[PDB]
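Provide a 3D model corresponding to the input given below.
(one chain, ligands or ions: 1)
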Amino acid sequence: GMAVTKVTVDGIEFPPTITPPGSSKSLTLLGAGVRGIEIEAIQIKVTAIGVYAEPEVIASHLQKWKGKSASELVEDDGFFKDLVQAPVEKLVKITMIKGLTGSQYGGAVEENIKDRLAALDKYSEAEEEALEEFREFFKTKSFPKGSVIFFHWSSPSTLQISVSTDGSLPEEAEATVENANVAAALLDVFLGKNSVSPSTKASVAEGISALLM
Ligand SMILES: [Cl-]
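Residues are numbered from 1 along each chain as shown. Okay, here it is:
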């Protein structure tokens, strides 16, 4: 259904619902957490991550996981696979805890995606082109402390990206990357076996367990 309570990550509030930029639908918060980004081996930067999906992911697509505890879901790789494969709209909201240039952020996440694609043997030139669109978008942006990125999977292969320096929710999506493998790999970056954020995965297992009841 629809979550009622916000989750706060390093002081940053994630609301229990969000309407993706340009969208009419409201997505429910599933969980939130943190990850680190390495800049030149001398700096580790932190981002806060919030994971949202259509309410329907609970009512329909994750019914087989009913009655499991959070502490039963977090170790089950099949559970997170079902989540990332669910045919529903999803949104990941990123807040910059301290500042990054667009190229700094974009480059780090691009490498996360590339590494996942190579592990799957799905890093050809269709994906290479898509990742350059991804890189080119982020190179133009600035992410001072408190800025936000909205990654919106509006379809299984359609990644809509929006940003705002003041943390406000944009009225429309700004860029779109259409590539099935890149879209799926970015979901894996956050929620897969090799996730950059065990804390987000644990929170999402808790939030889904609660919603399933
Ligand atoms: Cl991130």
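
okay, which residue is most central for the chain?
Centroid-nearest residue in the chain: residue 92, 3.1 Å away (criterion: Cα atoms, centre = their mean).

and it, what is it in contact with?
Residues near residue 92 by Cβ atoms under 8 Å, 6 or more residues apart in numbering: 49, 50, 51, 52, 150, 151, 186, 190. C-beta coordinates here come from the backbone N, C-alpha and C atoms, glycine included.

what is the neighbour count of residue 45?
When counting by other Cβ atoms under 10 Å, one arrives at 18 neighbours for residue 45.

buried stuff in the helix or strand residue 49 falls within?
Taking DSSP states H and E as the criterion, residue 49 maps to strand 43-53. Within strand 43-53, the residues that count as buried by 16 or more other Cβ atoms under 10 Å are 45, 47, 48, 49, 50, 51, 52, 53.

tell me the domain boundaries of this structure?
1-55+86-190, 56-85+191-213 (curated CATH domains).

show me what the longest strand along the chain is packed against.
Longest strand in the chain, counting residues (DSSP state E): strand 27-39. Contacts defined by 3 or more Cβ pairs under 8 Å, 6 or more residues apart in numbering; DSSP states H and E place strand 27-39 against strand 7-9, strand 17-18, strand 43-53, helix 102-119, helix 198-211.

who touches the last one?
Residues lying outside helix 198-211 but in contact with it, judged by Cβ under 8 Å, 6+ apart, are 1, 3, 7, 28-35, 49, 51, 58, 62, 65, 68-74, 79-80, 83, 190-191, 195.
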